[PDB]
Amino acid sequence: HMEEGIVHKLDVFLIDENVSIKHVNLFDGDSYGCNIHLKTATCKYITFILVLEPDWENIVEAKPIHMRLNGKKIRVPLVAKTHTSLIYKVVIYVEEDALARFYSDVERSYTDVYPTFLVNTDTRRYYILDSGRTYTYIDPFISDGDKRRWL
């Protein structure tokens, strides 16, 4: 792919599952998003906190983050701002297994290189099905340091 010279930073945290999906961002490209296969046997609320750090020096403006849960559009509130970070928080309600798609763009040239994860909200075990055009990794915890990034 042709280098864009744009490198955003993006971490995604599943609060109640205590899971850190870190460095979800493409290591090159003005786009962000991911796919999260959520598996559950019980009815629960799943809280996502997304900490976005746009590459301001190389963009005119930061695109919004959108989301679809099982095809249905879900509002992704930008609830807080720091001097460098945009902090999104979304809460979904699921009764069975669900797929959550975060995205900034519709074009496949971007969405096809989003990383894809599986998260079992009952066993809290995970799996990186596809890293895409990223260096993403999953920590089975949420550090206090990461928490203070939005607290």
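Start at 1 with the first residue shown and count on from there.
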125-133 set against 18-26, stretch whose average Cα temperature factor tops the other in the entry:
125-133
116-124 versus 45-53: which one carries the higher mean Cα B factor per the record?
116-124
Of the residues 91, 59, 36, 87, the one whose Cα carries the largest B-factor in the deposited record is 59
Lowest, middle or highest third: where is residue 104 by C-alpha B factor in its chain?
lowest
